[PDB]
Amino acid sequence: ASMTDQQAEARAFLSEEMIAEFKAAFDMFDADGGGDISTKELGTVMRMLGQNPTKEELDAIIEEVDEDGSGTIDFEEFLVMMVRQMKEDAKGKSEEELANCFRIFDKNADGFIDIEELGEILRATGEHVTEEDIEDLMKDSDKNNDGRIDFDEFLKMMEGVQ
């Protein structure tokens, strides 16, 4: 994927109203209406739009878009960077949430979800889960056959593809 390719993919990723919303904030820092903003303001517009790049990340993006020394970033490149940051931030939040789900599932905090903990959480959902269904989920997620689900196995169980 080239940058035009990446740009089309970034646009495909977003709804048109979100793209417009992002351009409204972006344009507040254009002024000159060139379709670009100073790379100095990139962090500020990304943060106004709920993203949280690190300073190192910003320096990396800036260096990636500013190889000609213009000191600016255009809106299309901006959208590629925003989508990269969204995917990154979303992933981090998911990881965080799964870690929290695991310590809640593991009621006795021994670092594992056993079939009784698995059984109690699944029944607590109100679903008509049978013991056989719970046993089937345990068997299929317990990769090393020790009868319990540790955090690595839980991440695989939950993320599924994983």
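The first residue of the shown sequence is 1; numbering continues from there.
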{"query": "Given 144-152 and 11-19, the range whose Cα B-factors average higher in the PDB entry", "finding": "144-152"}
{"query": "89-97 or 115-123, whichever carries the higher mean Cα B-factor", "finding": "89-97"}
{"query": "Of the residues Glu64, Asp32, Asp133, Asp106, the one carrying the largest Cα B-factor as recorded", "finding": "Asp32"}
{"query": "Criterion, highest CA B-factor; candidates, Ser70, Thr54, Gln51, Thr44", "finding": "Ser70"}
{"query": "Lowest, middle or highest third - CA B-factor, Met157", "finding": "lowest"}
